[PDB]
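In case you want the letters, here they are:
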Amino acid sequence: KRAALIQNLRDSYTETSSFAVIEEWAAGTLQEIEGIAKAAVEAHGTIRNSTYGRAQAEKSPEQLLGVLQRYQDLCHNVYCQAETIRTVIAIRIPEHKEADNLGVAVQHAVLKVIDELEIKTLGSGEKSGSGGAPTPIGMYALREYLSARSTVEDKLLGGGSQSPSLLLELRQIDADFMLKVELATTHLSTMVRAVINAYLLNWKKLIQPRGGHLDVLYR
Amino acid sequence: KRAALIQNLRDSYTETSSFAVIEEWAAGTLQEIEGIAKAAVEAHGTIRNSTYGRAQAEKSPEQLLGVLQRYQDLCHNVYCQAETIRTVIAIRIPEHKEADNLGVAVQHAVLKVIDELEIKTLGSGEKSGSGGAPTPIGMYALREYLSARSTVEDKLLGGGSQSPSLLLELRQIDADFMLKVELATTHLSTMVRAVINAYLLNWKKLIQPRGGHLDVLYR
Amino acid sequence: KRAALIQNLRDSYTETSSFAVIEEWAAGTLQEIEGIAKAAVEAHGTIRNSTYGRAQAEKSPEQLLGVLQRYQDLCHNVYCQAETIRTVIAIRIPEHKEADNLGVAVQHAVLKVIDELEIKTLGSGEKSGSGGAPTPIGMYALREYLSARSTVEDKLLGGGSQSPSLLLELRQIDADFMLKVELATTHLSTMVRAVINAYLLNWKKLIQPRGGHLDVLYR
Amino acid sequence: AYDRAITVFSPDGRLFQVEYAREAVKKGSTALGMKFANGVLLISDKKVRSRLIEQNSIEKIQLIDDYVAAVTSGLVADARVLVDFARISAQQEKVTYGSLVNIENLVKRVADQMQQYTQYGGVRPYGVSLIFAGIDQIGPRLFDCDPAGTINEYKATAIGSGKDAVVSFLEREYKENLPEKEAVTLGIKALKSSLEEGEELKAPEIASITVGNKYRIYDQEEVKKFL
Amino acid sequence: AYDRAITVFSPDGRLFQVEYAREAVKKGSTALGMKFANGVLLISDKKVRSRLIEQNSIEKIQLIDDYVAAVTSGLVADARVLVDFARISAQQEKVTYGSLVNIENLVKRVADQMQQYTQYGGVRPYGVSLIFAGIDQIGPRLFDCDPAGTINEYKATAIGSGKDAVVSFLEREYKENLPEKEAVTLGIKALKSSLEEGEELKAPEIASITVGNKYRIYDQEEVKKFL
Amino acid sequence: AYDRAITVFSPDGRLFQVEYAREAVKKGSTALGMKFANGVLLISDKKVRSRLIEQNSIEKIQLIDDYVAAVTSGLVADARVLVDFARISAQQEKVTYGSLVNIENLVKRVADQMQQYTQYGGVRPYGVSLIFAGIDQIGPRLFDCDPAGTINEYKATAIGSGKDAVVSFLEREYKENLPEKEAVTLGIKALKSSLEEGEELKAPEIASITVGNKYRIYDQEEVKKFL
Amino acid sequence: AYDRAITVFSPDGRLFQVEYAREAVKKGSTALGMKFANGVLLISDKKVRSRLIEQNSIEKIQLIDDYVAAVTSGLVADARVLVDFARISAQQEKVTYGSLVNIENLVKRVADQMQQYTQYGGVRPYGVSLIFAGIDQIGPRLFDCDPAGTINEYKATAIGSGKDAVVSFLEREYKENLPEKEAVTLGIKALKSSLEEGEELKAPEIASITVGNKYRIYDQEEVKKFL
Amino acid sequence: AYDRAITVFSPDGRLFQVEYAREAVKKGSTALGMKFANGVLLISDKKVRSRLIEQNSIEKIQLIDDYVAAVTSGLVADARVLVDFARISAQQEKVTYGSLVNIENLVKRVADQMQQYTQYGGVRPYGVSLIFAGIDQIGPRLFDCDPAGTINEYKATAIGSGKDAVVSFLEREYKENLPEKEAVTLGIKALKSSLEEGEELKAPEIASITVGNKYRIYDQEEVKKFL
Amino acid sequence: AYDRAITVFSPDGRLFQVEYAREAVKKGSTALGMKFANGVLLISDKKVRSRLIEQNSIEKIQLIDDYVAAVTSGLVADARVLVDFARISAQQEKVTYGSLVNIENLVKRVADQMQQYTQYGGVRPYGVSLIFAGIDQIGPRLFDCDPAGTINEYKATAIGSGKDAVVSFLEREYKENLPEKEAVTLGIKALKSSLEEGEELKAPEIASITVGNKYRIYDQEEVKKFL
């Protein structure tokens, strides 16, 4: 029976599960973002107060690898926890009518906000196709790091090249990707706190898309 | 005769076929997605707790190949079962009038939702052209895996290269594509449960786009 | 309790924090932009009154490196301080209703302006995809500098090439990127002063999206 | 973008709202009638409905007088309002002139009433067409009054969903001055050839008048003969 | 884009606003009635509500006269306004003719009133359907008046959310001239077969009249017999 | 796109404008009342305001007669206009019948007045609900009149923002024929359990009537007992 | 999309057009008043304008009678029309009852007039609030009539742009039965604390009445004392 | 999106349609006037037009009585209709009181007339401002009536495109009780300093009245003196 | 977005609908006239049309009296309605005053009539301008009445498509008190210089009046002289 399946979905993904995700974002996620941001701050100046030679092109900076890995794991956890709230809202989208869509529009707005959070949490290279906001790195940070570094390492090792700007470009890759990490963590803090605001103000209309007491008017 | 052909189509693809597909998604598809997700979870940490050399560039990780193959087969089955529901709805789109389109708009909305499910089930590489949500991999996961891995394997085997970032990039390819698998399974869970909600609430208007009892008013 | 969490967010990011950021932009940021602009002016003519040979392709112009680094640090600080104001506005977006959105539209407009400031502060290469305004460089100025210079340095050093237009292209890279710096500083001055205007005129509606004295009318 | 108001012409110069009322007439069941040697009849198809319905109040044919009668097709609410106005105007005509002298301006009262609502905003027209028939000082009469108000006196017509097919039949088969029975059977064949394939003509209400006599309605078994 | 005004037809020729009022009737609880050997009854389902409500003012059945009575379904505000207009028109008919001679034109007054609001802008129609029943000079009567004003005299009907299922039952089960009790129990079974699975039929108000007698309402324990 | 006019139904068949007036009632403070052994009372919450306000003109309870009284909730402008119309209709009723014989059609005058504005364009309805109470020839009475005009006679109700919680309490606690004091304290507990956490019930106006007596309003210190 | 018509509610249930008229009141200059030991006063701020203007016709305070007077804030055109209607209704009340017996229903006439325009389409409301004050058979009176028509009798209030700050001051400082002078100086301090920084309070018009006496307006040098 | 109807406020609370009528006044040529020692004058700029025009009918100054006169600026059609209504109301005031006793309520009739059209839909306001001036029982008078109806009695003003510059001049130069000639020359300088550079002041119509005398209009050569 | 209603001002303050009616005047053929030594004439261009047309009913000049006459330009339907209203108002003026004493308020009746339709919604203005001319108690008169209602008495003007060029000619050529013939030929040259190149002036209708005489219309051969 159909109602049994609908009830089975809603009892599986309920409001307390969504609100537990919201509590987790409200405490732990934010201090974890801040700690990764401070690590990015420190590593940026660590790269900055240095001068490179051939030897730095022979070993990967494992500190930067760890920072990128922490950011990557954070973005994975945030995206999964966001998809949880997406499913909780999406399994309570009511019957599609041409009226009554007041609470429905609230659900569409909150889903639209979560879409922005996840489009700037999911990863993307420099696509050079979008006229909107270029996405700070996302999931594929360690991938993009190793690719863009390995190109310069190939050009430096080979005989090797003679461009000093190539060596300084390797240095700039290192400092610049830590800079991109701290930018992305700041923007993720902003977007997460916006989503927490939106949910905690709209959760009643999110769970009840419309209230029905038609027996008062219709009898 | 025309009515015979229309009746022949509708008797071929009926509501019980669609609802059997919905029951199959409601039970089996979801636990299969979850099992592939757990396998992706385990393989991710299996790659994570390792350090690679030249030897890992000489053999493909058959465990990861099996995980990608399971995800690929799942996406194929889900897309075919979605196309079934598409055809069931599309063969009952009524005569195109400029009025009366209340139930018709319900059909367009449900088809629009199924379009989202199948555009994020069908595969796509990183197109770097769309400003919307980048699609998690889809059908061509094992293809994209072997391509992006084989490039690095060529660069490592040849004499071979000397970039340690290239070797770590190979490691990151392995862990990252399992990460992409578990992301895509989470999003597919979300979208499938949304579609089940939409069908089980709107199936009456989906099968009857409009009810006719004009003999009461017109005589 | 939910109200405690909302109050915890708003007491964390308040109007005095936002207005302190506005005071900092009103004094210090502007003279720092102007000083970097004057340094760009002087370095541009310094490059202009010169004639290059092979020797200039062997050493990077550390003066230009310092100018680019100052501009990069400025853009980082400006973007973080902008994200502060973004968060201050975004944590006071009220309950989404279909009426009453007069003050809400003010918040959307101010956020839209800050979006323009940060899309032209965040960095981007020549994407060759957008039909709108091409973004003056942003964050990745020193990156793009070293890349475009290192290509020509490779072509000049190798035997090396024989194109005199290649050598003059290296000279034009040097003068042109300082020119891009001074253009970007002028535009950033414009956009920052526009944002200061918008905030100092709209801050009352930004903090109070709507005023409520319904007890006068409803009793 | 012009078929929204009763008072706006198209750049062709059409009144699409009036035409949509004419379309709403077309969704009603077929009813026909013609005059013959000293009198006129009417025939009206009825797809037989719920046996809980008292058959007295599903008659599309209605007596507006002992000497005038008519039949409708279209919106049932507007239909009843119209046959009421026909009765009341028959009474007013009969009291100001001593008798219903001519059927024609009873039809005029109804026609001007239905016409007026095709001209003023804030009012929709009537989605009903009416076929009047009877005996006056002149003799056998037969009108049709459409939603726009246009009246035309015929020797034979129909209204409703079949109307084109029935008038197509009568247009090549009808010959005047048939003795009543033969006329009826011709009209039955006319009504038959308007149905779709597989549909069996059920029992239709048919009634007539002759010069110097009142109406009568053939009861169902006198109807049952001509099946 | 046409279901916004009461006065605009579709290009099919429909009045979607009138139909939406008919839909608003459908959200009300089921009520049925039929005539029998010398008289008529009415049955009305009531899902039992708050015990703070005086049961005197939740009766869907209402006495418009000692000899006419009716029942509604739909908007409760329009419902009460309509039963008021029925009472007042009954009084006016009774004063101009000495007695309520025929129930039919009481139903006509109500019908024309409800019809008029389906034609003029600036007015919405009534979202209520009414089932009249009583005894006149002719005998047992039973009408239904819908939002568009259309009236039809039956031998049995319902209104409300069940209406299709109840008339479907009666369409294959009802046999006329049952002695009152047997008729009532048939109507109870009719009302039963309109509910959804799991729902238990609570106690419905039922009332009747016989030729030469006034109404009475079966009290709850005379009702309780036929459970 | 349909909640803009008072005269347009949704395709469900709803009047969203009437419902929004009912929502505007919900923003007013809670007021309740019930009948008991020979009489009825009323209780109305007041969150105490500016001491500059003369307390005489913030009373939600108002005397429409020495024997009828009522209380409002919603828009204060429409509220005052309504209690005025209640007084004037009480006067007209009393002069055409010599005494306010039954409270019910005083409530009917108010009900039809409030209903009419839910039907015609160019007018918005009243965003106020009213609870009438008093003694008539029959005895203790208690109505509630909503924006759509719907009236229902109860033994206990509330209106306002609490209304659901109060009627929920009374629905499982109210027992009739309490001696006046005990009834009042039950209603106080009812009013208490509708507030939110942390809110302390201030002093509410409460007034009553018994059979054969006029009203009286408990002054603030007789109120202060039941805190 | 709802703040365009006077007759449409929001889904919250608000009347934004009425509230915008209340906002248009807020753009007017502050005016306050309170009662005291045997009588009432009024104070009205005036930012002094062109010396070409005859000071006789910029007085926000106006005498509606020798015993009733008031002050406005908002649209100057609507303001003058309102004080005219107040005068005319005072005359009609005085002629039908022999004297202005109670100030309250003069305020009622004005209130119902201003209320009516908050209900009907094709009319905008009055963007003016009025503070009446005087002596009647009861004694000192003090009302405020807002755009929606809501009247409330106070012991002290203001209107205009300062209104919140002034009523905030009076809410924590006002003590009744001050001898006239002390009351005036308290109200002057109230008016002072509503201005913005740097603004110097110019000379405001102030007038009063005591029980058994007519009005008088303090001339500018009696005003000049309390600067 | 709110400046389309006369009856809709902005969320600030403004009436943009009324303000656009005030803007339409601003497109008219400057005209000023002031009172002096026993009497008042008026000055009106005229950029000299076609010599085919009879000069008799381009006079912005118009005699509403032998003792009241005025001048307009704005739409010439509405201007003439207004000076007509001023004349007719002067006649009605003079016949009901035996004489034009006070100029003020002639100005009130005109003011209420112009105000009313700023309130009702389907009507646009008058895009004209009027400056009345004359001698009554009190003495020299000087009003200005704007499109919204607001009247204010001055000692000096202008209207038209210059109005701000002229009132700016008079605001720092005007001194009362000048003997007629000196007053006129001051007003001429006022009118001069409102033009743009290069523009030469042509011959303006100027007229006056003194206490106990009728009007006269200075003819063009008495005007020509003060050039 | 503002040129759609007659009752809405632009933010400049213009009435584009009124101006479009003035534009619709501009599409009509040129007609002029002027006064001279004891009397006035009129000249009207006519591009000669179908010889099937009776020349009696294409005359743009029309006699409103034996002593007043006029000419139109613009919409032909509105033109005829206007000259009718001119005739009827001439008759009413003549019966209430014994004779058409002054032409000016005949022109006022027409002017106020044409003005009123430039103010109310649901009405469009008249797209016609009229030039009145005649002899009264004062002497030779010459007005022009435009769509907005504005009337001005001239010594010479035109209307129609040429109007600017003709008034431009007369503005530098016209000298008053010409003996009738010379005046006519000057006006003919004026009419000539308004055509476009290649166009030959056909025969225009011209008519005149002198002090103490009635009208006459120059017939076509007296016209033919001045070609």
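Throughout, residue numbers begin from 1 within each chain and advance along the sequence as written. They need not agree with those in the entry, and any residue without coordinates is left out. Chains and ligands are labelled sequentially in the order written, the chains with letters from A and the ligands with numbers from 1. Although these chains sit within a larger assembly, the values stated refer solely to the portion shown. The side-chain figures draw on all heavy atoms in the structure; neither hydrogens nor water molecules are used.

Structure determination for the deposited model, as stated in its record, used cryo-EM, and the stated resolution is 3.4 Å.

J.: Which residues make up the overall build of chain D, and what are the values?
T.: A run of H or I in DSSP counts as a helix once it spans at least four residues, and a run of E counts as a strand once it spans at least two, with each numbered from the N terminus. A tally of regular secondary structure across chain D gives six helices and 10 strands. Computed over C-alpha atoms, the radius of gyration of chain D comes to 18 Å, within 12% of the 17 Å expected from 2.2 N^0.38 for 227 residues, which places it in the range of a compact globule. Along the first, second and third principal axes, the C-alpha set of chain D runs to 50 × 50 × 40 Å. Only protein chains enter the accessibility calculation, which uses a 1.4 Å probe; a residue whose area is less than 20% of its type maximum is buried, one above 50% is exposed, and one in between is partly exposed. The buried share among the 227 residues of chain D stands at 53%. Residue contacts follow a heavy-atom distance rule, with two residues in contact if any of their heavy atoms lie within 4.5 Å. Taking all contacts inside chain D whose residues are at least 6 apart in sequence as the whole, residues at least 24 apart take part in 64%. Taking the average location of the 30 positive side-chain charges in chain D and that of its 32 negative ones, the two points are 2 Å from each other. For this measure, only C-alpha atoms enter the radius of gyration; the expected value for a globule follows 2.2 Å times N^0.38, where N is the number of residues. In this tally, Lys and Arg are treated as positive and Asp and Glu as negative; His is ignored, and so are the chain termini. To locate a charge, take NZ of a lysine, CZ of an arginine, CG of an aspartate or CD of a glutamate.

J.: Which residues make up the sheet that holds strand β6 (residues 140–145) of chain I, and what are the values?
T.: All names here are of chain I. The sheet built from five strands is open, its strands ordered β3-β4-β5-β6-β7 with antiparallel pairing. For this open sheet the edge positions go to β3 (61–63) and β7 (151–153), each flanked by a neighbour on one side alone. Put simply, the sheet's adjacent strands are angled 20° from each other on average, direction ignored. In this analysis, strands are considered paired if DSSP registers two or more bridges between them. Of the pairings in the sheet, the one linking strand β5 (residues 128–135) to β6 comprises four bridges and is antiparallel in character. Its bridge partner being in β6, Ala 133 is matched across the sheet by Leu 142. Those strands touched by helix α2 (residues 76–97) are β3, β4 (68–74) and β5, and its axis lies near 30° from that of β5. Axes here refer to lines fitted to C-alpha atoms; in helices the fit is confined to the stretch in contact. Angles between the N-to-C directions go from 0 to 180 degrees.

J.: Describe the packing of aromatic side chains, with residues and values.
T.: Pairing of aromatic side chains here covers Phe, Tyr and the six-membered ring of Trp, requires ring centres within 6.5 Å, and sorts the geometry by plane angle: under 30 degrees stacked, over 60 edge-to-face, intermediate tilted. Per the stated rule, a full pass over the model turns up nine aromatic pairs over all chains. Geometrically, the ring pair formed by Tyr 117 of chain I and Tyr 126 of chain I is edge-to-face, given 5.2 Å between the ring centres and 85° between the ring planes. For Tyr 117 of chain I, a relative accessible area of 24% puts it in the partly exposed group. Using a relative accessible area of 12% as the deciding quantity, one classes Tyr 126 of chain I as buried. Above the ring of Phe 19 of chain B, the side-chain terminus of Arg 2 of chain A is found at 4.2 Å from the ring centroid. Here, a charge over a ring means that NZ of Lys or CZ of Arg falls within 6 Å of the ring centre while also lying within 35 degrees of the ring normal. The side chain of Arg 2 of chain A reaches across the aromatic face of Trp 203 of chain B, ending 3.6 Å from its centre.

J.: Got a sec to walk through the pairing of strand β9 (residues 205–210) of chain G? Specific residues and values, please.
T.: In summary, the side chains of a regular strand alternate between the two faces of the sheet. Residues and elements named next belong to chain G. With five of its six residues buried, β9 lies for the most part within the structure. Pairing of β9 with strand β10 (residues 215–217) involves three bridges; the strand directions are antiparallel. Across the sheet, residue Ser 208 finds its bridge partner in β10, namely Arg 216. Counting the residues in the hairpin turn of β9 and β10 gives four residues, including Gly 212, whose phi is positive at 95°.

J.: Describe in detail the side chain of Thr 185 of chain C, supporting the description with residues and values.
T.: All names here are of chain C. Residue position: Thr 185 is located in helix α6 (residues 164–207). Identification of polar contacts relies on pairs of N or O atoms within 3.5 Å, with a donor-acceptor requirement for protein atoms, meaning one able to donate a hydrogen and the other able to accept it, and with residues adjacent in sequence counted only if both atoms are side-chain atoms. Among the polar contacts made by the side chain of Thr 185, one reaches the main-chain carbonyl oxygen of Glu 182 at a distance of 2.7 Å. Residue contacts for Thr 185: discarding those within four places in its chain leaves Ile 33, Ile 36, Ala 37 and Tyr 71.

J.: Describe unusual backbone geometry, with residues and values.
T.: Here the phi dihedral of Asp 100 of chain B falls at roughly 65°; this positive angle occurs in a residue that is not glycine. Examined against the element boundaries, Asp 100 of chain B turns out to sit in the loop between α3 (62–90) and α4 (102–119). Owing to a relative accessible area of 18%, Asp 100 of chain B belongs among the buried residues under this scheme. Of note, the phi angle at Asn 177 of chain H is positive, near 60°, even though the residue is not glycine. Secondary-structure assignment places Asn 177 of chain H in the loop between α4 (163–173) and α5 (180–192).

J.: Break down the side chain of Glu 205 of chain F for me, citing the residues and quoting the values.
T.: Residue and element names in this part refer to chain F. Summarising the element assignment, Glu 205 is placed in strand β9 (residues 205–210). Throughout this description, the term salt bridge denotes a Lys or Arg side-chain nitrogen within 4 Å of a carboxyl oxygen of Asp or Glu. No salt bridge is formed by the buried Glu 205. Its closest oppositely charged neighbour is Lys 46, at 4.7 Å. Polar side-chain contacts of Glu 205 include one of 2.6 Å to the backbone nitrogen of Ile 61. Excluding anything up to four places from it in sequence, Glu 205 contacts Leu 42, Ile 43, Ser 44, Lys 46, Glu 59, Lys 60 and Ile 61.

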